[PDB]
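The chain below stands alone and is given as structure tokens, in the form deposited in one PDB entry.
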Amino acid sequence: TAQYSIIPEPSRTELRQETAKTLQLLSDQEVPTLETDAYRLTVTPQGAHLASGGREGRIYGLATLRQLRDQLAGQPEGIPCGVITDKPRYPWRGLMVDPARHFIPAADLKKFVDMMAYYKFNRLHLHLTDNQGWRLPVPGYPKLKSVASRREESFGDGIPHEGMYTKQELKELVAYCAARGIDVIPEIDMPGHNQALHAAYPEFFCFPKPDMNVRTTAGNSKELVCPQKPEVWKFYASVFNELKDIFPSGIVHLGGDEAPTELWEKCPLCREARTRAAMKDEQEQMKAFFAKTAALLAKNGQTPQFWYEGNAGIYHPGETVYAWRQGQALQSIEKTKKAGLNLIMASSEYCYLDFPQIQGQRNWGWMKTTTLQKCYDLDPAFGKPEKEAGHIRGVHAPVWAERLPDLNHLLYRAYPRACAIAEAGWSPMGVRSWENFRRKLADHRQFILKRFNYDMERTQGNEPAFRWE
């Protein structure tokens, strides 16, 4: 029967037995009887009444009101009256874009931000640096622009790809997201994922190779910055100061996935440094490296985030890690609870949106299929109650862009599974069901077509064409 098609599903909906043909905002109050992230929207035959506990809840309420107006535009007979009392299950609901692999122009970022805000996402994670490119401008290091932001091709396509954001563009993005209720989280991978950095500044590395080029294929790089060189730390101080000036969130994602340490083992500087500090192997050196980086961030008033590694030992209680490996989600939950860490659920089994969403679509020889229903199966706590898994801050979906060269491909792979991620991050389990979500997404096809002029229809053969083989 008559109901709302709001994604994510509100925490409480009470429908009433008459129809409203107008959603004109008649009242808009800030009330202390709601949490700062909660709202109450009342639909009456005369219009809508919005109450919110704060600016964040008001932004969420306006998103819900937009979805209601999009529904009303398609139902000339009107939508049901009622009362929506809403607040999120988790305070962290994030998407990650990967401009390092493929640069994303500022206007495409604005469109992406608008779409994710329509679904009450509040975290935007920028994977700014990797082997295939460096997108963060740092004063005093212009080769990052002239070398590390340009690559000759991508997987042998013979087409150069390049791009780097300006400080002004990044501050514009920050203000844009803030106006839409989204905090921006930069990621600067270290000490690895630095082939582009090595192409730009080989003297930062244990074995400088002047012929090093920015990587044009996937895979791992053995090139780690040398922790013994003072210019490395001067450079990272400069990077962190730029991040402090640009991104007010004060959160810096350092990557932190297990790096191959063969070159550290061979490095004469690092060899004598390990001997001098009585370090047994290169994992103690990695611990010392991350301790130094964390001290630097803390002196700047910044806080680190990591891709979780169970037996890394580089973490301090209170810090935040991401669960990402296939089938390690519950183990990561329990390990972080033991170690006093906070956890963000980004498990590749449910949250990696670079994987094909329909079986048979391009998998590039390794990607498994993550359907929309599979995605919606995601419970970030994995059956545990909030009183038992209170250290879980929320959900995070990465859209890795090795094979996503423009916004069209990016949005094709990101949606509509990002809607499922949003509902998993926002809606309590009591109001979640695959049937309701499927109905609502069927309506949201037209909602998105009307509001963003974007086509969310997904068939096996309607994915935009690629240039690779």
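Whichever C-alpha set is largest while still superposing within 1.5 Å between the two forms counts as the rigid core. Throughout, we count residues from 1 along the sequence that is shown.
The same protein also exists as the form deposited in another entry; that form is not shown, yet it is the one meant from here on.
S.K.: When the rigid core of both forms is overlaid, which of 234, 280, 338, 368 is the one whose C-alpha moves 2 angstroms or more between the shown form and the other one?
M.R.: Only 280 moves by 2 Å or more at its C-alpha.
S.K.: Once the core is superposed between the shown form and the other one, does residue 139 show a C-alpha displacement of at least 2 Å?
M.R.: No; that C-alpha moves by less than 2 Å between the shown form and the other one.
S.K.: Can we say the CA of residue 386 moves by at least 2 Å between the shown form and the other one when the core is superposed?
M.R.: Yes; that C-alpha moves by at least 2 Å between the shown form and the other one.
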